[PDB]
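Have a look at the structure below, then the notes.
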Amino acid sequence: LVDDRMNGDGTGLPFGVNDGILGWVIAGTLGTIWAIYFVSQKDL
Amino acid sequence: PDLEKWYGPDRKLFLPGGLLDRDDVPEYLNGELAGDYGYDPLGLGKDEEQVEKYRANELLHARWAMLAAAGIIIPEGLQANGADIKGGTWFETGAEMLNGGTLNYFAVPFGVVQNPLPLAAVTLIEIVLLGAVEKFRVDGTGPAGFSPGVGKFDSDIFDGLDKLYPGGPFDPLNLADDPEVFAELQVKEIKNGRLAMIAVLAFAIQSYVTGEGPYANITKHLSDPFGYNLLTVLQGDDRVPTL
Amino acid sequence: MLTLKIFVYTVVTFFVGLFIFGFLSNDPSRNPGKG
Amino acid sequence: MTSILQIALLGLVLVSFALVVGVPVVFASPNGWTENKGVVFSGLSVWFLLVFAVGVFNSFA
Amino acid sequence: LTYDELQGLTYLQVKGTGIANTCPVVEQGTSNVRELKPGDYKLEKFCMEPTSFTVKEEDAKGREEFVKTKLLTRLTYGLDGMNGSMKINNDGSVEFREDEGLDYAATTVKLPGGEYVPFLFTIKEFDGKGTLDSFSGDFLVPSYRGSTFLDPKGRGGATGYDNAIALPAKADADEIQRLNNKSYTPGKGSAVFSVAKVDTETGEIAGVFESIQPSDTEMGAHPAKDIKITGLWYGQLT
Amino acid sequence: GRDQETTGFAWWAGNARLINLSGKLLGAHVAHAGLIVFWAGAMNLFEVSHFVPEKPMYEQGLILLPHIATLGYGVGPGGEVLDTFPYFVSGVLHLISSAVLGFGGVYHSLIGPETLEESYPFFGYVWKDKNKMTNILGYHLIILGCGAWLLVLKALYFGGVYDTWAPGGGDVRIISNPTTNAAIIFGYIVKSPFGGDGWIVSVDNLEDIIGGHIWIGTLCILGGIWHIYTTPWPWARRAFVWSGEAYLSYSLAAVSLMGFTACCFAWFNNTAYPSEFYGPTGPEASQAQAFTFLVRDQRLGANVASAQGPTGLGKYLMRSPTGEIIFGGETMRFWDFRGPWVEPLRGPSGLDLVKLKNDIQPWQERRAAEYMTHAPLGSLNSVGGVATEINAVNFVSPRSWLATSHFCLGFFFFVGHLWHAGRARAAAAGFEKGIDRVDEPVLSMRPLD
Amino acid sequence: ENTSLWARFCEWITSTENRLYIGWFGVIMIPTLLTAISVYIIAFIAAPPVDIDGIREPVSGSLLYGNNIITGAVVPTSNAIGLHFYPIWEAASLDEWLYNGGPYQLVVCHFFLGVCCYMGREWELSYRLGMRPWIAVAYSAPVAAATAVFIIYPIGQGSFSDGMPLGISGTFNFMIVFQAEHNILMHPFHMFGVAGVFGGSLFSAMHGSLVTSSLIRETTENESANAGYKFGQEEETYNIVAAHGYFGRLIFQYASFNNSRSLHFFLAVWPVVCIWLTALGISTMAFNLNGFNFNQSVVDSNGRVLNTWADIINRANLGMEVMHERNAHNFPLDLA
Ligand code: CLA
Ligand code: CLA
Ligand code: CLA
Ligand code: CLA
Ligand SMILES: CCCCCCCCCCCCCCCCCC(=O)OC[C@H](CO)OC(=O)CCCCCCCCCCCCCCCCC
Ligand SMILES: CC1=C(/C=C/C(C)=C/C=C/C(C)=C/C=C/C=C(C)/C=C/C=C(C)/C=C/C2=C(C)CCCC2(C)C)C(C)(C)CCC1
Ligand SMILES: CC1=C(/C=C/C(C)=C/C=C/C(C)=C/C=C/C=C(C)/C=C/C=C(C)/C=C/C2=C(C)CCCC2(C)C)C(C)(C)CCC1
Ligand SMILES: [Cl-]
Ligand SMILES: [Cl-]
Ligand SMILES: [Fe+2]
Ligand code: NA
């Protein structure tokens, strides 16, 4: 090998996550937005 | 509840509203009997006397054909899955004890016991038993009692009873004292009976056509739906393909 | 590249979550009319 | 026994042609449904008997 | 990763993983090298894998040295399925013959400064005469483009205009090497091989190599550059 | 029906007049269902009327017979037709069922009850009744689950389905042990749509097909029971618009995505759309060209690993951007192709060199030759080949016809979703007619925009 | 009472009082379009050569690499990639990413997202303003065409190299190659598109000249005619009846537009539906449906082939065929 790559193409890779921290930060960011949205309810 | 869907002027008819205005029904079927769909293309009903007289025979045919439907479908299936029945198929069950070949009775779950009594004894007790019962039915006279619903009743209970619906001795579990649920169950009974009559006549013509029992018919049909049906069986042998 | 992938991934899921929950936040009530 | 199948099928086509012409004009005529119930049911009954006849006679053809 | 489990994976288990550009690595075996059985050998399934590409770069201060380059192409550079024959003698004298297989790969690298350097990473027609520890020799290098190639203004060796026809007055001028003559003459490359991690049980070997070859000359144009390539190689015997 | 003065909708929007007329609406729907069943029967009988036993079904402009044959009716090993009676029976059952549905549609359109609320409360509904809207959704979800399970039953016990991946050219095989693994089922869904992954279009085996159908049937029945026995939550009530035109807009966006997905399925998938019945895909025809030009030049005594192109890349064989060996030429862009005629020649390193040199098969070679000679290339005249070719061959691929038609339909149905989403939002808001001219919102906003 | 951070942000995003409306479609549009704008400008100025055809023949494309405004283009993604989704984190180096046409794919994906959310944002502003909602439906025509030349044609042809180069001469090249392979001129949907833009110019000049023909006198010869129109005024500024009578006695008295409402509906619907049809023309030629093939259509009684204008088109088409991708081909029939 001459250079370092992810080589994430193909493989049926779900959501394109090759490491679990990607799924964790996706779930976490959607969760933070849901948290602010949920606590900012009973408004308007 | 919901007895305004089988009786009264508003009731389920043998055709829906678009194809049958409510004024097209015979006047003698205006919702007074269980299973009144106003089904009368040929005027056999005349009036209420002939309608309830024919309902007597309809109800007896129903109560026979329902037990018949169960008795044709059950032992054939038991033999097909492996019971020791030897004659479950209905149109050849009588042919078993032609030469003394008495049938094997399945007292499921504790059965497969040999019946040690021949065809002559079977038929002699069958006439002397059901002839006695049917003479009782037209007379309303019954000798003894000890029914679970009312225990050890004397003979002075069948008089005064409603004909074709003799509650009491013939009602061990009751569940018909409410006229509402009794009417609902009357509709249920007559509709189940008509369904079973259609089912047993279908059993007969299916047997005459396919040469086998109806449980075999439904099993082979569920195995091969297109490869085993009416248009498959009347073919005789294969089909010249169209390629 | 993996650091860039995690950064773009959190940016995209942040903005898409904003879109999802903004349209969940009672959007047919933003009209200026009656009804 | 093929000829009876073609006669049954062509009779079915004629019945269906009459049904395509007649069922809408019977439906949309003023008070024509109330008086043409019998002819419409007769057409539908002959149609169904001919469909079943063609299907059954194909198994023998 | 050995050759045993490489064959044990299907297409879809290596699809897009990058495993398909990797030569097998003999995990078992020894490093003593001398235990190779000499004889008339016909090696089959020769495998070749680079691990660094360097280009000789000319500098204003006179320092001539090989620079580190960025691989512009993706994983299309390794060589598999090469065949040939080789001999092993009593003292260790080995000659190497390479005849058929996928022994070439067009490769493009970036000099620092953003200059594209296309070079045909090739090992075709290699004659490696030497010892078991090291054996070197020449190999044929095709130019890059064939003669039937044509440049953006037609032209080229076999198929083309043979003239810059986009301007009808510059037909015969100092652009002789660009339009009048097109040169595709195949050059010669220099490579050095080494053997390590032999396996006499299943007749397979490993080792590192060291190649030096020129680049594309742009069909008789601006001068080529010498390409120093280092990597690992793999093969099997008979 | 009605006129414009009693409805406010002109004739070019006359169906809108029956938004609130539940009986006529139901009749229009079932009359349409009769049209769909009628076209299926009419076109199916027309196709078996125009069917030639010799030529395969992709040469003859057939688009329904390949569907039936994919189900495994009338075909055997390799894809040759054994009988057309299943196709004829399918067409006839469809025609007669269309007659029945058309009778029902004509009945409710002409003399059926105006509204089903005052007399048949099970069937009559208002559009803002979220309970009954979910009830009808649950009924239809149960119906969809039953259909999916009918396909599962057909694949498991009713003759099996056609597999192109079975050895020997493919055949009708009975599916045993479908992939019920949830990870395998939903990894297709969560998959990217791009090259190498293809979203759900890259399902490539019948075990995955029937396992995904088991999952969709069970989830559809479960969702049907859930919708019949629940009512929408307040967050959904706030998130949505609850008019009939809004429900239509939702359906339009959904079926527009479905139409685009069907376009991509017809153009790329070869296991649900077996290449024997539907012709070769674009990638299949390109790989077939490179393959047969490899084997011709091998039989003419030439080397294939050597002989690079004019570009120095490899005329027959090159390496893909990930490493494994692929076919040379511009067909490198279709290196992602996987077919039953390449897999017996394809190993761990991509195309195996010794296997590609030695282990050729006659049926594979003929299949590659035909997938060259019948590429999905054609005109609107049904003239085969590129647009510069002669008028000698009469062929346009069914894949081309299906992909083009369904992309067009998917696009217009997305636009119809826009039209109905906007109009439903504006009708719920009070904007469907125009600005009020005395309560104009912009006049209540500050200037400078 | 409205003190929470999300609700304050919601009222900021959905506010009509902004100079530029953002909305929930704009919160997807604005980052994507800004990313696409940034990468497009940077790539157009300083993008190194791009191997579009996958045959190691990189095309320069950028101004600093010797191109002008007409010739500079963001070069499509490599043919070796195909449709394989090439982002930066997939590439080993930015050098490799720039070699394999990565900026084109980045700009195309972000631009498709940006135009989809632009159409959504047009709807959403029309919703918050009390407007009617179908201006987004009208904008769905150029969006469809952009997606047809940036998404659908690459998908149907297997490679993003088949997409329209983000340039001027690249656009011309895309047309020449497209007509070579597909004969778009002989396609009814493209004929409809040409009729749509020709009728668009027709009806734009028509309606503008009828409104300008029937302007009402408020100003003098000192003042420009537009000075007779006041912003927000209630009275209509021109005589619709005078223009309508003019047009009726000009061509046909009955066959004019007596409703200005219906006239403006026609103005909207004609180029929108024709651009829809021609966008599907590209979309159907992506899956190789092509234009009409009328070559050797007329022959004489003795079977000789008469040349025809379609055959002259075929000759020019062959010239457009063989020269395009001159080195990328190894086999006779161009199935790929
Ligand atoms: C979505 C279809 C649909 C729905 C919701 C209705 C609903 C209704 N119909 Mg109706 N109808 C339909 C289709 C439908 N119909 C069709 C196709 C026909 C032609 C046969 C008819 C002909 C018809 C008549 C003549 C009448 C009604 C009437 C009525 C009303 C009540 C009485 C009734 O149940 O009718 C009865 C309908 C039947 C008995 C048909 C058999 C239905 C069984 C249960 C089939 C089981 C369905 C099964 C899943 C098969 C579906 C296969 C599918 C894949 C295609 C009611 C609101 C009555 C009315 O108008 O009241 C004034 C009335 O007179 N319908
Ligand atoms: C899928 C196509 C379709 C369907 C199913 C319908 C259905 C319907 N439309 Mg409609 N429409 C359509 C397309 C369609 N339309 C199109 C394209 C336009 C634009 C021109 C219109 C414009 C329009 C307007 C302006 C109106 C309707 C209305 C109606 C409803 C009542 C029509 C009526 O009874 O008047 C009577 C019609 C007739 C008497 C002629 C019909 C005769 C038959 C049914 C024609 C077909 C014969 C068929 C072959 C027979 C089959 C029989 C079977 C046994 C095989 C009805 C449910 C009306 C409405 O909304 O209700 C308030 C209304 O005013 N439509
Ligand atoms: C001009 C209108 C038109 C026409 C003529 C067609 C025609 C066609 N479309 Mg279609 N479509 C249209 C409009 C149209 N479409 C529109 C406007 C959309 C929305 C954009 C779609 C979206 C669409 C999709 C998503 C698909 C099609 C597909 C198809 C093809 C097959 C249809 C099919 O089988 O579906 C299926 C029929 C049903 C779902 C009805 C139920 C049938 C049951 C469930 C099947 C039972 C089979 C069972 C296993 C048999 C065994 C029996 C027993 C032993 C178990 C067909 C040629 C398919 C295709 O081939 O893709 C290219 C496909 O997937 N279309
Ligand atoms: C199953 C989907 C569906 C359904 C149920 C409806 C239902 C409805 N639509 Mg609608 N619409 C849809 C999809 C749908 N639409 C699509 C896909 C589009 C394209 C963007 C539209 C665009 C549209 C507009 C612009 C309007 C409606 C309107 C309406 C309402 C009245 C329709 C009417 O009678 O017009 C009458 C029908 C005709 C006059 C016949 C149209 C003839 C067309 C032009 C011929 C096309 C045929 C040709 C072969 C197509 C080939 C293209 C392609 C396949 C290559 C009605 C409730 C109206 C409305 O908003 O009312 C509230 C209205 O203004 N729709
Ligand atoms: C690679 C992984 C990423 C894949 C993405 C998909 C992950 C699975 C989520 C599927 C949940 C289905 C949502 C339907 C209802 C949403 C409407 C809503 O919101 O309705 C809202 C409604 C309002 O009352 O509330 C409610 O109904 C309650 C909302 C229920 C949603 C449950 C969320 C699961 C946990 C959230 C994150 C864990 C948070 C951690 C980060 C926080 C900071 C560290
Ligand atoms: C209401 C309305 C309408 C209509 C609608 C619809 C849609 C209807 C329909 C309907 C339908 C949907 C129909 C269908 C039908 C069918 C039929 C009528 C049939 C049949 C049959 C037959 C007879 C056949 C025969 C045969 C066979 C069996 C096979 C072989 C061959 C032949 C063909 C011989 C309109 C729009 C106008 C207007 C508005 C209103
Ligand atoms: C059969 C089959 C299979 C399976 C499949 C499946 C299982 C599917 C499914 C699936 C699913 C399970 C899906 C889902 C979906 C959904 C969607 C697609 C949606 C949606 C929606 C939206 C988009 C939303 C929106 C919104 C928001 C965002 C918020 C606010 C509100 C609203 C509404 C606006 C497979 C492939 C394996 C194979 C082949 C065959
Ligand atoms: Cl070109
Ligand atoms: Cl080519
Ligand atoms: Fe105007
Ligand atoms: Na070429």
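Within each chain, counting starts at residue 1; across the structure tokens, chains are named A, B, ... in the order shown, with ligands numbered 1 upward in that order.
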Identify all chain F residues at most 9 Å from chain B by counting only C-alpha atoms; ligands do not count. Present them as a PDB file with N, CA and C atoms, in the first residue's frame.
ATOM      1  N   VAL F  52     -44.291 -14.950 -29.997  1.00  0.00           N
ATOM      2  CA  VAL F  52     -43.657 -15.894 -30.906  1.00  0.00           C
ATOM      3  C   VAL F  52     -42.841 -16.861 -30.055  1.00  0.00           C
ATOM      4  N   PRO F  53     -43.001 -18.179 -30.220  1.00  0.00           N
ATOM      5  CA  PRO F  53     -42.281 -19.122 -29.346  1.00  0.00           C
ATOM      6  C   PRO F  53     -40.765 -19.041 -29.442  1.00  0.00           C
ATOM      7  N   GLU F  54     -40.216 -18.683 -30.604  1.00  0.00           N
ATOM      8  CA  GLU F  54     -38.771 -18.745 -30.784  1.00  0.00           C
ATOM      9  C   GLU F  54     -38.059 -17.610 -30.058  1.00  0.00           C
ATOM     10  N   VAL F  81     -39.797 -20.810 -22.848  1.00  0.00           N
ATOM     11  CA  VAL F  81     -41.217 -20.859 -22.525  1.00  0.00           C
ATOM     12  C   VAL F  81     -41.733 -22.276 -22.710  1.00  0.00           C
ATOM     13  N   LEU F  82     -42.332 -22.826 -21.658  1.00  0.00           N
ATOM     14  CA  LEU F  82     -42.968 -24.133 -21.737  1.00  0.00           C
ATOM     15  C   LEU F  82     -44.442 -24.061 -22.108  1.00  0.00           C
ATOM     16  N   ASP F  83     -45.185 -23.087 -21.582  1.00  0.00           N
ATOM     17  CA  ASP F  83     -46.564 -22.864 -21.994  1.00  0.00           C
ATOM     18  C   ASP F  83     -46.977 -21.427 -21.700  1.00  0.00           C
ATOM     19  N   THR F  84     -47.948 -20.933 -22.466  1.00  0.00           N
ATOM     20  CA  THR F  84     -48.498 -19.598 -22.278  1.00  0.00           C
ATOM     21  C   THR F  84     -49.875 -19.613 -21.640  1.00  0.00           C
ATOM     22  N   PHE F  85     -50.402 -20.795 -21.322  1.00  0.00           N
ATOM     23  CA  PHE F  85     -51.683 -20.884 -20.625  1.00  0.00           C
ATOM     24  C   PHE F  85     -51.718 -20.166 -19.278  1.00  0.00           C
ATOM     25  N   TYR F 107     -71.845   1.868 -11.071  1.00  0.00           N
ATOM     26  CA  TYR F 107     -72.997   1.900 -10.178  1.00  0.00           C
ATOM     27  C   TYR F 107     -72.895   3.035  -9.166  1.00  0.00           C
ATOM     28  N   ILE F 111     -75.793   5.813  -9.872  1.00  0.00           N
ATOM     29  CA  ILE F 111     -76.964   5.706  -9.009  1.00  0.00           C
ATOM     30  C   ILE F 111     -76.615   5.319  -7.583  1.00  0.00           C
ATOM     31  N   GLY F 112     -75.338   5.288  -7.230  1.00  0.00           N
ATOM     32  CA  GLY F 112     -74.963   4.943  -5.880  1.00  0.00           C
ATOM     33  C   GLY F 112     -75.353   6.047  -4.924  1.00  0.00           C
ATOM     34  N   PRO F 113     -75.397   5.743  -3.627  1.00  0.00           N
ATOM     35  CA  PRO F 113     -75.747   6.774  -2.643  1.00  0.00           C
ATOM     36  C   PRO F 113     -74.751   7.924  -2.656  1.00  0.00           C
ATOM     37  N   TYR F 157     -44.196 -22.355  -1.269  1.00  0.00           N
ATOM     38  CA  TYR F 157     -44.891 -23.613  -1.498  1.00  0.00           C
ATOM     39  C   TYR F 157     -45.658 -23.717  -2.808  1.00  0.00           C
ATOM     40  N   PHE F 158     -45.709 -22.675  -3.627  1.00  0.00           N
ATOM     41  CA  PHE F 158     -46.564 -22.685  -4.809  1.00  0.00           C
ATOM     42  C   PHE F 158     -45.762 -22.644  -6.105  1.00  0.00           C
ATOM     43  N   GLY F 159     -44.718 -23.464  -6.188  1.00  0.00           N
ATOM     44  CA  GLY F 159     -43.926 -23.597  -7.389  1.00  0.00           C
ATOM     45  C   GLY F 159     -42.591 -22.894  -7.361  1.00  0.00           C
TER      46      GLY F 159
END
Enumerate as a list in words the residues within 6 Å of ligand 2, counting only C-alpha atoms and all ligand atoms.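 Sorted by chain and then by number, the residues are residues 19, 20, 23, 24 and 28 of chain D; 1, 2, 3, 11, 12, 14, 15, 17, 18, 24, 25, 27, 28, 31, 32, 99, 102, 103, 106, 109 and 110 of chain F.
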Using N, CA and C atoms, can you write the selected residues to a file as a PDB file, in the first residue's frame?
ATOM      1  N   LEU D  19     -74.162  -5.105 -22.518  1.00  0.00           N
ATOM      2  CA  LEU D  19     -74.054  -4.595 -21.155  1.00  0.00           C
ATOM      3  C   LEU D  19     -73.335  -3.255 -21.112  1.00  0.00           C
ATOM      4  N   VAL D  20     -72.268  -3.105 -21.897  1.00  0.00           N
ATOM      5  CA  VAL D  20     -71.561  -1.830 -21.978  1.00  0.00           C
ATOM      6  C   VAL D  20     -72.475  -0.748 -22.536  1.00  0.00           C
ATOM      7  N   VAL D  23     -76.062  -0.929 -19.430  1.00  0.00           N
ATOM      8  CA  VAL D  23     -75.976  -0.652 -17.994  1.00  0.00           C
ATOM      9  C   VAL D  23     -75.822   0.839 -17.687  1.00  0.00           C
ATOM     10  N   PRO D  24     -74.952   1.606 -18.366  1.00  0.00           N
ATOM     11  CA  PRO D  24     -74.948   3.057 -18.106  1.00  0.00           C
ATOM     12  C   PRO D  24     -76.225   3.778 -18.508  1.00  0.00           C
ATOM     13  N   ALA D  28     -78.531   5.858 -15.872  1.00  0.00           N
ATOM     14  CA  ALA D  28     -78.668   7.307 -15.929  1.00  0.00           C
ATOM     15  C   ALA D  28     -79.966   7.787 -16.575  1.00  0.00           C
TER      16      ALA D  28
ATOM     17  N   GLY F   1     -74.349  14.779 -12.304  1.00  0.00           N
ATOM     18  CA  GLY F   1     -73.447  15.216 -11.254  1.00  0.00           C
ATOM     19  C   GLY F   1     -73.813  16.590 -10.735  1.00  0.00           C
ATOM     20  N   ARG F   2     -72.962  17.571 -11.016  1.00  0.00           N
ATOM     21  CA  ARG F   2     -73.202  18.969 -10.687  1.00  0.00           C
ATOM     22  C   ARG F   2     -72.652  19.871 -11.787  1.00  0.00           C
ATOM     23  N   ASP F   3     -72.889  21.170 -11.624  1.00  0.00           N
ATOM     24  CA  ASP F   3     -72.349  22.203 -12.492  1.00  0.00           C
ATOM     25  C   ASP F   3     -71.333  23.035 -11.721  1.00  0.00           C
ATOM     26  N   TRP F  11     -64.940  22.198 -15.101  1.00  0.00           N
ATOM     27  CA  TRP F  11     -64.883  20.825 -15.599  1.00  0.00           C
ATOM     28  C   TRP F  11     -63.457  20.288 -15.600  1.00  0.00           C
ATOM     29  N   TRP F  12     -62.475  21.142 -15.902  1.00  0.00           N
ATOM     30  CA  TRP F  12     -61.077  20.731 -15.819  1.00  0.00           C
ATOM     31  C   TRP F  12     -60.605  20.522 -14.384  1.00  0.00           C
ATOM     32  N   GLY F  14     -63.260  18.944 -12.333  1.00  0.00           N
ATOM     33  CA  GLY F  14     -64.542  18.391 -11.930  1.00  0.00           C
ATOM     34  C   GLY F  14     -64.454  17.298 -10.884  1.00  0.00           C
ATOM     35  N   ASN F  15     -63.377  16.512 -10.899  1.00  0.00           N
ATOM     36  CA  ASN F  15     -63.190  15.508  -9.859  1.00  0.00           C
ATOM     37  C   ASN F  15     -63.077  16.147  -8.484  1.00  0.00           C
ATOM     38  N   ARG F  17     -64.944  18.355  -7.392  1.00  0.00           N
ATOM     39  CA  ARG F  17     -66.323  18.469  -6.929  1.00  0.00           C
ATOM     40  C   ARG F  17     -66.735  17.305  -6.048  1.00  0.00           C
ATOM     41  N   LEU F  18     -66.129  16.138  -6.241  1.00  0.00           N
ATOM     42  CA  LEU F  18     -66.448  14.958  -5.454  1.00  0.00           C
ATOM     43  C   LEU F  18     -65.420  14.692  -4.357  1.00  0.00           C
ATOM     44  N   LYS F  24     -69.734   8.962  -4.577  1.00  0.00           N
ATOM     45  CA  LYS F  24     -69.218   9.151  -5.927  1.00  0.00           C
ATOM     46  C   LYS F  24     -67.706   9.037  -5.952  1.00  0.00           C
ATOM     47  N   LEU F  25     -67.045   9.494  -4.890  1.00  0.00           N
ATOM     48  CA  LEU F  25     -65.603   9.322  -4.766  1.00  0.00           C
ATOM     49  C   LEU F  25     -65.216   7.848  -4.768  1.00  0.00           C
ATOM     50  N   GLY F  27     -66.964   5.392  -5.979  1.00  0.00           N
ATOM     51  CA  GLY F  27     -67.246   4.851  -7.296  1.00  0.00           C
ATOM     52  C   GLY F  27     -66.189   5.195  -8.321  1.00  0.00           C
ATOM     53  N   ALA F  28     -65.690   6.428  -8.284  1.00  0.00           N
ATOM     54  CA  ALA F  28     -64.610   6.818  -9.181  1.00  0.00           C
ATOM     55  C   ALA F  28     -63.358   5.997  -8.913  1.00  0.00           C
ATOM     56  N   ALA F  31     -64.013   2.381 -10.155  1.00  0.00           N
ATOM     57  CA  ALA F  31     -64.028   2.387 -11.614  1.00  0.00           C
ATOM     58  C   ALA F  31     -62.615   2.497 -12.162  1.00  0.00           C
ATOM     59  N   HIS F  32     -61.788   3.311 -11.513  1.00  0.00           N
ATOM     60  CA  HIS F  32     -60.378   3.376 -11.861  1.00  0.00           C
ATOM     61  C   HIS F  32     -59.683   2.047 -11.628  1.00  0.00           C
ATOM     62  N   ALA F  99     -64.338  -6.291 -15.411  1.00  0.00           N
ATOM     63  CA  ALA F  99     -65.759  -6.119 -15.703  1.00  0.00           C
ATOM     64  C   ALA F  99     -66.561  -5.945 -14.422  1.00  0.00           C
ATOM     65  N   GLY F 102     -65.687  -2.539 -12.857  1.00  0.00           N
ATOM     66  CA  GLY F 102     -66.294  -1.485 -13.648  1.00  0.00           C
ATOM     67  C   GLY F 102     -67.792  -1.387 -13.447  1.00  0.00           C
ATOM     68  N   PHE F 103     -68.462  -2.528 -13.248  1.00  0.00           N
ATOM     69  CA  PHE F 103     -69.875  -2.478 -12.890  1.00  0.00           C
ATOM     70  C   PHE F 103     -70.066  -1.738 -11.577  1.00  0.00           C
ATOM     71  N   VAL F 106     -69.302   2.122 -12.138  1.00  0.00           N
ATOM     72  CA  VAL F 106     -70.410   2.750 -12.843  1.00  0.00           C
ATOM     73  C   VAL F 106     -71.619   2.873 -11.923  1.00  0.00           C
ATOM     74  N   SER F 109     -71.019   5.632  -9.374  1.00  0.00           N
ATOM     75  CA  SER F 109     -70.898   6.917 -10.038  1.00  0.00           C
ATOM     76  C   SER F 109     -72.240   7.423 -10.538  1.00  0.00           C
ATOM     77  N   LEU F 110     -73.135   6.522 -10.939  1.00  0.00           N
ATOM     78  CA  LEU F 110     -74.388   6.953 -11.550  1.00  0.00           C
ATOM     79  C   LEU F 110     -75.572   6.929 -10.577  1.00  0.00           C
TER      80      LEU F 110
END
Near chain F, which residues of chain C fall within 6 Å when you count only C-alpha atoms, and what do they look like as a VMD selection string? chain C and resid 24 26 33 35
Need the shell around segment 12-29 of chain G: protein/DNA/RNA residues with any atom at most 6 Å away, counting only C-alpha atoms. Skip same-chain ones fewer than 4 positions apart. Format as a PDB file with N, CA and C atoms, in the first residue's frame?
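Final file, out08.pdb:
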ATOM      1  N   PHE C  19     -34.216  20.870  10.452  1.00  0.00           N
ATOM      2  CA  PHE C  19     -35.301  20.850   9.471  1.00  0.00           C
ATOM      3  C   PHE C  19     -36.457  19.958   9.927  1.00  0.00           C
TER       4      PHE C  19
ATOM      5  N   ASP F 449     -38.799  44.828   3.360  1.00  0.00           N
ATOM      6  CA  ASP F 449     -38.905  43.417   3.024  1.00  0.00           C
ATOM      7  C   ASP F 449     -37.954  42.539   3.799  1.00  0.00           C
TER       8      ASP F 449
ATOM      9  N   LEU G  33     -25.984  25.566  -0.579  1.00  0.00           N
ATOM     10  CA  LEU G  33     -25.672  26.460  -1.683  1.00  0.00           C
ATOM     11  C   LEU G  33     -24.393  27.237  -1.428  1.00  0.00           C
ATOM     12  N   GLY G 114     -29.622  22.203  -3.012  1.00  0.00           N
ATOM     13  CA  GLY G 114     -29.936  23.614  -2.940  1.00  0.00           C
ATOM     14  C   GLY G 114     -31.137  24.001  -3.771  1.00  0.00           C
ATOM     15  N   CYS G 117     -34.379  22.601  -2.114  1.00  0.00           N
ATOM     16  CA  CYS G 117     -34.782  23.420  -0.987  1.00  0.00           C
ATOM     17  C   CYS G 117     -35.130  24.842  -1.402  1.00  0.00           C
ATOM     18  N   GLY G 120     -38.737  24.406  -2.282  1.00  0.00           N
ATOM     19  CA  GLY G 120     -39.466  24.323  -1.026  1.00  0.00           C
ATOM     20  C   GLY G 120     -39.582  25.660  -0.311  1.00  0.00           C
ATOM     21  N   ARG G 121     -38.507  26.454  -0.320  1.00  0.00           N
ATOM     22  CA  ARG G 121     -38.508  27.754   0.342  1.00  0.00           C
ATOM     23  C   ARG G 121     -39.408  28.742  -0.381  1.00  0.00           C
TER      24      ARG G 121
END
Could you find all residues in segment 66-206 of chain B that DSSP calls alpha helix (DSSP H) from the backbone, and write them as a PyMOL selection string? chain B and resi 66-81+119-139+179-206
For residue 177 of chain E, find every residue with an atom within 9 Å (counting only C-alpha atoms), except residues of its own chain fewer than 5 positions away, and show them as JSON, numbers by chain. {"E": [182, 183, 219, 220, 221]}
